[PDB]
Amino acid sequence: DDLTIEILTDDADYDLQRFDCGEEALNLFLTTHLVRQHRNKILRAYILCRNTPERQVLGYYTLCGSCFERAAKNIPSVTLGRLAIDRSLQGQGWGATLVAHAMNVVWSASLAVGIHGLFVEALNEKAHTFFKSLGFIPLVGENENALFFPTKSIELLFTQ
């Protein structure tokens, strides 16, 4: 394939304006907020692009260190806040590969510093069904739009 997955490279230019994943909020995020937030260390942006000097982006994901706590104990984790796949690549299994690439980053970081799980943001029902098909455990009530995958399950995937 022509396509590659990499962390945004700080001193490079990407073709972003043409991107359309079918949800204006994600498109907008990519073309006006993703680069500034990555460079300011707000989040860690990862890109699915064509591997040409022109570097045409066709999908992305974001990562941020986080920690889950309860009410009335803390768990250090990583959150995948945003995931997007351009229309052209939809129905081609690319989105799941991005989650798998995400899982390999989170695993690597657990091996270095000690991270216990991966949390994900599911804003609409179509995404909720996606991460559930990837084995993500759905959370309830106030935590509805969150699903979790343990590091141990991630370890199994690339070790089994």
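Residue indices: 1-based, along the sequence shown.
Colleague: Hey, how big is the hole between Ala72 and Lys73 in terms of deposited residues without coordinates: none, 1 to 3, 4 to 9, or 10 or more?
Modeller: Missing residues, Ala72 to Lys73: 10 or more.
Colleague: As stated in the PDB record, which stretch has the larger average Cα B-factor, 23 to 31 or 107 to 115?
Modeller: Averaging CA B-factors over each stretch, the winner is 23 to 31.
Colleague: Name the higher of the two by mean Cα B-factor in the PDB entry, 32 to 40 versus 87 to 95.
Modeller: Averaged over C-alpha atoms, the B-factors run higher in 87 to 95.
Colleague: Per the PDB entry, which option out of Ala100, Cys67, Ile47, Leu134 has the greatest Cα B factor?
Modeller: Within the set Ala100, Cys67, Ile47, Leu134, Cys67 shows the top C-alpha B-factor.
Colleague: Can you tell me whether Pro150 has a C-alpha B-factor in the lowest, middle or highest third compared with the other modelled residues of the same chain?
Modeller: Lowest third.
Colleague: Pull the Cα B-factor of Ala122 out of the PDB entry and bin it into the chain's lowest, middle or highest third.
Modeller: Highest third - that is where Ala122 ends up once the chain's C-alpha B-factors are sorted.
Colleague: Quick check on the deposited entry: does the C-alpha B-factor of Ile5 sit in the lowest, middle or highest third of its chain?
Modeller: As the PDB entry reports it, the C-alpha B-factor of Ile5 lands in the middle third of its chain.
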